[PDB]
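Student: Protein chains in written order, with PDB author numbering: chain B, 2 to 414; chain A, 3 to 414.
From the three backbone atoms N, C-alpha and C, an ideal C-beta is built for every residue, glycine too.
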Amino acid sequence: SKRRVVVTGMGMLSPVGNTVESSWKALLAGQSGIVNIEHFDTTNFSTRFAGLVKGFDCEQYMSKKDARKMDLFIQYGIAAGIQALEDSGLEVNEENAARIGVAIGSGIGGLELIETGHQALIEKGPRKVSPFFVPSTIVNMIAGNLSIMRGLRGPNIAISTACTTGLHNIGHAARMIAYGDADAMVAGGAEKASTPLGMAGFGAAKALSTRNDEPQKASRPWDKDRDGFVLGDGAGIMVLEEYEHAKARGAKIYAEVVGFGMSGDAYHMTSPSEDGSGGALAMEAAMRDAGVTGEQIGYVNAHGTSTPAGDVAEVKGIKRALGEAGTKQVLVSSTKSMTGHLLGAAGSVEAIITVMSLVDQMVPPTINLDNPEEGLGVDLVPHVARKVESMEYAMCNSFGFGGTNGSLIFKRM
Amino acid sequence: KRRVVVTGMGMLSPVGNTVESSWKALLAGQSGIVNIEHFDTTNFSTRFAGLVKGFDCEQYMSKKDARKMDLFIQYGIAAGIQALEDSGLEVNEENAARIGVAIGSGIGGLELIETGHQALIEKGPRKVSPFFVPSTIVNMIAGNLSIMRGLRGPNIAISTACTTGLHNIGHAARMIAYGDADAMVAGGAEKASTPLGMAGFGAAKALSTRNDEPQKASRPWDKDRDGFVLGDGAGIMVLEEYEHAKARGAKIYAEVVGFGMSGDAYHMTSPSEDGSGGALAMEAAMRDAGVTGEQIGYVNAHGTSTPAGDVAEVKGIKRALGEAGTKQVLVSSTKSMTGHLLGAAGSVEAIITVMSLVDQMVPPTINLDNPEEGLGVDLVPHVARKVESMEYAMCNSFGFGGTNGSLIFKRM
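#1: Check for me: the alpha helix (DSSP H) holding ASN406(A) runs from which residue to which?
#2: Can you say whether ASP226(A) is buried or exposed, counting buried as having 16 or more other CB atoms within 10 angstroms of its CB?
#3: Residues in the same chain with beta-carbon distance under 8 angstroms from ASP276(B), minus the five sequence neighbours each way, listed in chain order, please.
#4: What are the uninterrupted segments assigned as beta strand (DSSP E) that are 3 or more residues long and contained completely in the segment 247-275 of chain B, given in chain order?
#5: For a contact meaning CB atoms closer than 9 angstroms, what does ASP380(A) contact in chain B?
#6: Count the CB pairs spanning the segment 333-341 of chain B and the segment 372-387 of chain B that are closer than 8 angstroms, and state whether there are at least three.
#7: If we require 4 or more residues per run, which alpha helix (DSSP H) segments fall completely within the segment 130-157 of chain B?
#8: Please classify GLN61(B): is it buried, with 16 or more other beta-carbons within 10 angstroms of its beta-carbon, or exposed?
#9: Which residues does DSSP pair with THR367(B) in a beta bridge?
#10: So within the segment 166-197 of chain A, which uninterrupted beta strand (DSSP E) runs reach at least 3 residues, ignoring any that extend past its ends?
#11: Terminal residues of the continuous alpha helix (DSSP H) containing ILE38(B)?
#12: Confirm, please, whether the CB-CB distance from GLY190(B) to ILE123(B) is below 9 angstroms.
#13: So, using beta-carbon positions, are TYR394(A) and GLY299(A) closer together than 9 angstroms?
#14: Candidates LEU114(A), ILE238(A), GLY56(A), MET363(A): which alpha carbon is nearest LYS388(A)'s?
#15: Helix, strand or coil for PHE50(A)? Go by DSSP, reduced to three states.
#16: Does the structure place the segment 343-362 of chain A close enough to the segment 213-226 of chain A that three or more beta carbon pairs sit under 8 angstroms?
#17: Run the CB neighbour count on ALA322(A), radius 10 Å, all protein chains shown included, and call it buried at 16 or more, exposed below.
#18: Excluding five sequence neighbours on each side, which residues of the same chain lie with their C-beta closer than 7 angstroms to the C-beta of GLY378(A)?
#19: Is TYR77(A) close to chain B, meaning its C-beta is less than 9 angstroms from at least one C-beta of that chain?
#20: Within 9 angstroms of any Cβ in chain A, is that where the Cβ of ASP276(B) sits?
#21: Between the segment 109-128 of chain A and the segment 199-219 of chain B, are three or more C-beta pairs nearer than 8 angstroms?
#22: At a cut of 8 angstroms, does the segment 8-21 of chain A reach the segment 295-310 of chain B through at least three beta carbon pairs?
#23: Can you tell me which of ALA267(A), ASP290(A), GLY292(A) puts its alpha carbon nearest to the alpha carbon of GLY280(A)?
#24: Skipping 5 residues on each side, what residues in its chain have a beta carbon closer than 6 angstroms to that of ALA346(B)?
#25: Express the C-alpha separation of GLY348(B) and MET200(B) in angstroms, rounding to a whole number.
#26: Taking the alpha-carbon of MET270(B) as reference, which of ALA249(A), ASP67(A), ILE101(A) has the nearest alpha-carbon?
#27: In whole angstroms, give me the CA-to-CA distance for residue 1(A) and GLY262(B).
#28: Excluding the 5 residues flanking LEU73(B) on each side, which residues of the same chain have their C-beta closer than 7 angstroms to its C-beta?
#29: Is it buried or exposed for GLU285(B), if we count other Cβ within 10 angstroms and need 16 for buried?
#30: Check whether chain A comes within 9 angstroms of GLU215(B), counting only Cβ atoms and requiring the distance to be less than that.
#31: Does any CB atom of chain A fall closer than 9 angstroms to the CB of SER272(B)?
#32: By the criterion of Cβ-Cβ separation under 7 angstroms, what are the contact partners of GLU116(A) in chain B?
#33: Please tell me whether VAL140(A) has its Cβ less than 9 angstroms away from any Cβ of chain B.
#34: Any residues in the segment 37-63 of chain B with a beta carbon nearer than 8 angstroms to a beta carbon of chain A? Which ones, in chain order?
#35: Taking DSSP's pairing of strands, which residues face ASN302(B) in a bridge?
#36: Determine the DSSP secondary structure at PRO16(B), reduced to helix, strand or coil.
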C-alpha cells in the first residue's frame, strides 16, 4: 500500500485549558490565558507575565515520587500523551508494542531543574547535584518516559527545533508511519520555559512584549501596537495511526495528515526573511506533498507571534503560497493572541487546533486585533470566531529561531 | 526509489580534527582521553574526558560571531564546513531550497547556560547576554550553518541523547529519499565537558572514576569497566540523492541503505537486559536495507563501557545477525579511544563505519584485556583488523531512555 496517516487521539495542556475540549471551547470564546508570573520575583525582569498552565495535577498520571525525577516540561508532555492515548482507544500489548512509537520533543527542556542543579553545584558542590539531573532535564525524556510508562517499543525520537518542535515531531511521526517503521505514533511537544533564566534569556534578546500593565492585551498579532511575543507553557500531543489499521478497528478519525513541508530562511539567527519566502517554501512543499492548491485551504493557523518583523512577513508568505484566488477564500488567525507562544508546544497545540477547526467547521479568532497594519490583503478573523462551509483542508504554520520552518496540512475526515 | 549516498564528511574528535587524522589515530589504537584542565576538578568524582585539542574557530568565523555561540555550535559548524568543502557541493540560488540541514545535540550549550544563570543570579536579569537563547539551544547548529551557507531546504535538529547523531543522518536520508531535498548536511555535536555536565553525569554515577589512568578508563566489555567516559566533538555527513551526485561528478564514499529505530520501553537509564530493543532497531535497519546477518561485516557498536549496557548489546547483535552472521562479523567500540561523544557519538561513528567500508579495515576495541566470559563475538581487541569483501557495515547508538538506532551503509 501507499500508507495514509490519520489522527485518532489528541491531548493538550495550555494556558486556556487542560484538555483539548476545554482549550478549544475557550479559544472559540476568545479567552486569554495570559497572567502575571507569581511563582518567582519578577522585579527587574523586563517582562513579568506569561501563559501559564493552571491547576496542573501530576498525580492524575503518576506518583509524586516519580514526578520528582522529571522537570515540569516532561510532566506536561506525559500528561498530554496519556490523554491522547486514552482518547485514541488504542490497545498496546506484546503483539504490537514494537509497532507503536513516540516522537516528542521540547525546544529548551528542563530549565527549572537546570537552574536548580546549577545552584546546587555552585552552593553545595558537584556531589550534591541530583542523580536525576540529566534524565530530568534533557529534551528527549518526554519520549523516553512515555515509552517506558506505556510499553511503546516502536521508533523513539525527539525533534528539538525551537518554535517548530511540535509541528516537526508530528510531521516526522507521520513520515515514519507512512514509510512502514510503525503503525502508530504518539507525537508532539511540550515546554515549561517560564522560569527565571527563560524569562531573562528571551528578555535580554528583547523578543518579548513588555506590556506588563495589560498582560491579556500584550499578544496582538498584526496589530499596529504589537511589541514582541508572549511566552507560554504547555503540551500538545497527537496519536497518529496508519489508516487501514484505524479503519479496521473502526477508530474515530479526527483528520488525515496529508502534507508536511519544511524549509530554512537562511537569513538571520532571530528575524525572518523580510520576503516571507522561507515560510512560503515550507507551505508550498506541504501543498505539493498533499496535492492541493491554495483554494482548497480554508484555514491557516499562523505562526503569528506578535512581532513587528515576523507577523507581516508571514502574510507575504501565505499570499505567495496560496495564490490570489486561494488568498481570497482563506481565513487566517493566530491563537497565540490567546495562548501566547508555547515554544516547543506551539506547533503541536496549534496542529490540534487546526484539526478541531476541520472537525467543527469553525475557526478561532485573532483577539486584540484592534488596529491592523494597513494593506494586508487577508481576513485575519479579528475578535470573534468564524464559521466555515465545506472546509476540506486546513494548514498549520510554525516558523522558529534560526529560520527553521514547517507547515502541516490536515484533511477533513 | 531515490537512493542516498555520502559525498562529504567532517569531524572534530578527541583523537583528531579531521576525518583523516581521526581515522588514522583510531586504526593505531590511540586514546584521546585526557585530564580536564579548564576548570577546577578538585571535588569531582570524574576528572577526565575526551577533549577536542587545539580547536581554532577563526578559520570559520570571527571572535565577535563565535561569542554568540556555545562551543557545541562552533564544533558543529566546523565539522559541517569541513563536510561541505569535502563534498564540493555548489550552493546557488537555483538549488538552495533543495539543500537542507539535520543536525542536533544531546544537551546543547551547557557552558553558556551556566554562565547565563550565574549572571542572572549575581547581577540580575539585565546582565544575561542578549544571545543567551540562540547561543545555547540545540537547534542552532542547524540554524547557524544554514544561515552561513545559504541552505534553504528542510532544517531540523533531532535531539535524542546518545543517538542524536545517528538519527539526524538517518532522517536526513529519509527526507532526501522522500523528495524533500536533494542534499542534506547532517549529524551532531556536543561539548558537555563542563562543570554542570561532569557533575550531572557524576551524580547519576554513569561515569568511570578511573582518575589515575584516564586512557584505560574506557574499556567496553572488559571485566573491570566502571561506566562511560565523556567526550566532546562533532561528526557531520553531506548526504545526497544518488543521481544528483553522479551527475555532478561527486566522490561517493558509500550509500546509506538501512535505517532502523526502536525503543527499549524499559528504564530511564539501563537497557533491556535482553538487548531486545537494540535488536529491534538492527532488525529494522536490516529489513530496510534488504540484507541478512552474513552480509554485515562490521558493527560499530554503541559499547559505552557500562556494566549493564555492553553485555546486553552483544545479545542484541547476536539475535539480529543470527548464528552464521555472528560467526563472520567483527564488532568494536571506538568509544574505547574517543569516549562517548553523546550527541556526536552516532555521527562520528557513522563516519568511522563508512571509512571501514572504504579501507576494508576495522578499528579495534582498545583496553579489552579481560573480556566477559561467553560473549560469542570477535570484539577486535587491541589492534585493527583487515577485512575481505565487506559490502555492508552497521553503526549502532542506543541512548538514555531506551531510544535506539542503527544505520547500515553499503560499499560502492
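Tutor: In short, the structure shows the following:
#1: No alpha helix (DSSP H) contains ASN406(A), which is instead part of the beta strand (DSSP E) from 405-412.
#2: It is exposed - the Cβ of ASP226(A) has fewer than 16 other Cβ atoms within 10 Å.
#3: Hits under 8 angstroms: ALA314, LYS317, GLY318.
#4: Listed in chain order, the complete beta strand (DSSP E) runs (minimum 3 residues) inside the segment 247-275 of chain B are 256-265.
#5: The premise fails here: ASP380(A) is roughly 29 angstroms from chain B at the closest Cβ pair, so nothing lies under 9 angstroms.
#6: The answer is yes - the segment 372-387 of chain B touches the segment 333-341 of chain B, with three or more Cβ pairs under 8 angstroms.
#7: Runs found: 134-138, 142-151.
#8: In this structure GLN61(B) is exposed. Its beta-carbon is surrounded by fewer than 16 other beta-carbon atoms within 10 angstroms.
#9: Looking at the DSSP output, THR367(B) sits in a beta bridge with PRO383(B).
#10: For the segment 166-197 of chain A, whole beta strand (DSSP E) runs of length 3 or above, ordered along the chain, are 185-192.
#11: It is not in any alpha helix (DSSP H) - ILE38(B) carries neither H nor E in the DSSP assignment.
#12: In this structure, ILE123(B) keeps its C-beta atom at 9 angstroms or more from the C-beta atom of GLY190(B).
#13: In this structure, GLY299(A) lies closer than 9 angstroms to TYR394(A) by Cβ.
#14: Among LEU114(A), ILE238(A), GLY56(A), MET363(A), the Cα nearest to that of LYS388(A) belongs to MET363(A).
#15: Here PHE50(A) sits in strand by DSSP.
#16: They do not touch, by the three-pair rule.
#17: Counting Cβ neighbours within 10 Å, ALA322(A) comes out buried, since at least 16 surround it.
#18: Counting only Cβ-Cβ distances below 7 angstroms, and skipping sequence neighbours, we find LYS320, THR328.
#19: For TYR77(A), the nearest beta carbon of chain B is not closer than 9 angstroms to its own beta carbon.
#20: Not an interface residue.
#21: By the Cβ criterion, the segment 109-128 of chain A is in contact with the segment 199-219 of chain B, since at least three pairs of Cβ atoms, one from each stretch, lie closer than 8 angstroms.
#22: No: fewer than three Cβ pairs fall under 8 angstroms.
#23: Nearest of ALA267(A), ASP290(A), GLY292(A) to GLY280(A), Cα basis: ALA267(A).
#24: Correct list, in chain order: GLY167, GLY190, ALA191, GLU192, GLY235, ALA236, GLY237.
#25: When only Cα atoms are considered, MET200(B) and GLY348(B) end up about 20 angstroms apart.
#26: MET270(B) has its Cα closest to that of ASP67(A), out of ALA249(A), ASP67(A), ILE101(A).
#27: An answer regarding residue 1(A) cannot be provided, because it is not within the stretch 3 to 414 covered by chain A.
#28: Counting only Cβ-Cβ distances below 7 angstroms, and skipping sequence neighbours, we find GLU113, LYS193.
#29: So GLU285(B) ends up on the buried side.
#30: No - not a single Cβ of chain A is within 9 angstroms of the one on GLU215(B).
#31: No - not a single Cβ of chain A is within 9 angstroms of the one on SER272(B).
#32: In chain order: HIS119.
#33: Proximity of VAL140(A) to chain B, defined by a Cβ-Cβ separation below 9 angstroms, is satisfied.
#34: Cβ contacts with chain A: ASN45, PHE46, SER47.
#35: Answer is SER334(B), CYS397(B).
#36: Secondary structure at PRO16(B): coil, using DSSP grouped into helix, strand and coil.
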